[PDB]
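In structure tokens, the next block holds one chain alone, the form deposited without this ligand.
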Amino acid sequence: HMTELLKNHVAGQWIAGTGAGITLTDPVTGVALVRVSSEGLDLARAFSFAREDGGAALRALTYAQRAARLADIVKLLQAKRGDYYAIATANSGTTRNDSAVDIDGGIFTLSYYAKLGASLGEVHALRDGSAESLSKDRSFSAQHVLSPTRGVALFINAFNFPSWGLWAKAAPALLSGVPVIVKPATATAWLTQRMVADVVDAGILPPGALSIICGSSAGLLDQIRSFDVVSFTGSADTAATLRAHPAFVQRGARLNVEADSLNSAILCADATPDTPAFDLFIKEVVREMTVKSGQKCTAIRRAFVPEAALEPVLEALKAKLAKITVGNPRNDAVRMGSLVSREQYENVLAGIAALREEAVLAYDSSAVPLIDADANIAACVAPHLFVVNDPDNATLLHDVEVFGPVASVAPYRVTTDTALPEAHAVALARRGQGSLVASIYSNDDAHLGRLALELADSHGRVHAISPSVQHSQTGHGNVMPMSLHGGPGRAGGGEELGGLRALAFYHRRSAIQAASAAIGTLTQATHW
């Protein structure tokens, strides 16, 4: 008698992998929860049934018909949230509020796209921009269109967001008429598989539209062909092995990468310790370090503050981090639970030791006993705050991501000649080699507009926090589905979400050049 072996959904059937499988475990208590395996699956059939049946059946439906099916999946996921929260507590060791970022974040984003999708109407292709004359008499004209790619969407998803990573990607893919095969990271795969099971069991989507494989990834990319698309989230080192696969180098399948990102937070010159913007910065830093134990891809890793503001910053961060209780998320006194696994705990400990070689530890509450948890079993890590006094000559600050409740503060030299006062901090943020997000904090709303444009070429999102929006700003690390998610360089060169922008990744663009009456008839069969 062993724990449940979770089956895969492939070629319209629930199939168990062979062998003993891989055990998922509770990262707080060490209890064995469920097992996964992909051993022995027929991956040629899995990919063909999705691509041929799943794709033809989705393409038969209009956008608005697909959107209505996403609305029904929203209602189903909401009705089962109690089950999802139980699995999150056990498999991920997250506080209820932190579980919500993944569960309800996923559902909210799915709902956003169901609503947006309803507006795309009862058509099978979309218009890109308007018609343009190609002739003096306007008898011959051109109109670009977007048509769903005749392939499958493979999602290789990270362990931190088993729900959101599924729905953030699946919602625009299914809206686009493209069938989904999700491969969630093993350690936290249970929620992804239960949600897929719930949806598949309800029969909302056609057969073949949504498939799941949990276990080994071996042989998956071998099945990818030129009209397929892949979206990978995970380590930069893995990313580079993936990109060398023949699916991409020889077959040219489209790829999106999200990888390591040393996201920055920049305290502006004007945000001194007497001003309201100073506290907003302290709070935002501590929230990003601690939500999910710092396991968001978008968490603040590097915090750049004026030389003069360095000691007051460290003191204020020390005091706010001290209120952070760590342990078992079942106890309501706990503010921050565990990392996802004891294996991740070891990578985080190892990252911490590596940073320590070039930074001073300003804060670490590792001697505080855990609440309702044994430190020798649980994958709990206490917040750790590093200070790097010389970031220009810094070796590791800008290059080593520690995927845990860890961040480094560094001073920058204020520019008070005339450019931006924050010019040095922009330069230091850029040394992270391209990131998902930077946030900037100031009392002056107008100044944040100027500064933002200086970070925009190296960050997929610039998030500006100031007293006028203390009540409304949506958070450094919280990804709003109407806004772009991705970043250049190190962060992977990828783009997803950004509302309608997400649909392009799933379609083929074409310029149609024709008699005006032909363009008129095309336009009658399309929408934007």
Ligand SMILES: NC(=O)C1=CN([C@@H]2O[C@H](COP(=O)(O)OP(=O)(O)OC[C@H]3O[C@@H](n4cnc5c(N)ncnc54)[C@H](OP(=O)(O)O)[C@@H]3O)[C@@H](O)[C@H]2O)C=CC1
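In case it trips you up, residue 1 is the first one in the sequence shown, and so on.
Although not depicted, the form deposited with this ligand bound is the subject of the following passage.
- Proximity of residue 234 to this ligand in the deposited complex falls within the 4.5 Å heavy atom cutoff.
- For residue 215, a non-hydrogen atom is located within 4.5 Å of this ligand in the deposited complex, even though that partner is not displayed.
- At a distance threshold of 4.5 angstroms between non-hydrogen atoms, residue 384 is out of contact with this ligand in the deposited complex.
- This ligand is not shown here, and in the deposited complex it never comes within 4.5 Å of any heavy atom of residue 304.
- Residues placing heavy atoms within 4.5 Å of this ligand in the deposited complex fall in a single listed stretch, namely 215 to 223, out of 309 to 317, 107 to 115, 215 to 223, 327 to 335.
- Interface residue among 422, 260, 288, 228, judged by heavy atoms within 4.5 Å of this ligand in the deposited complex: 260.
- The listed set 241, 275, 135, 366 contains one residue whose heavy atoms approach this ligand in the deposited complex to within 4.5 Å, identified as 241.
- Annotation for 178 to 198: interface residues with this ligand in the deposited complex are 183, 185, 186 [heavy atom within 4.5 Å].
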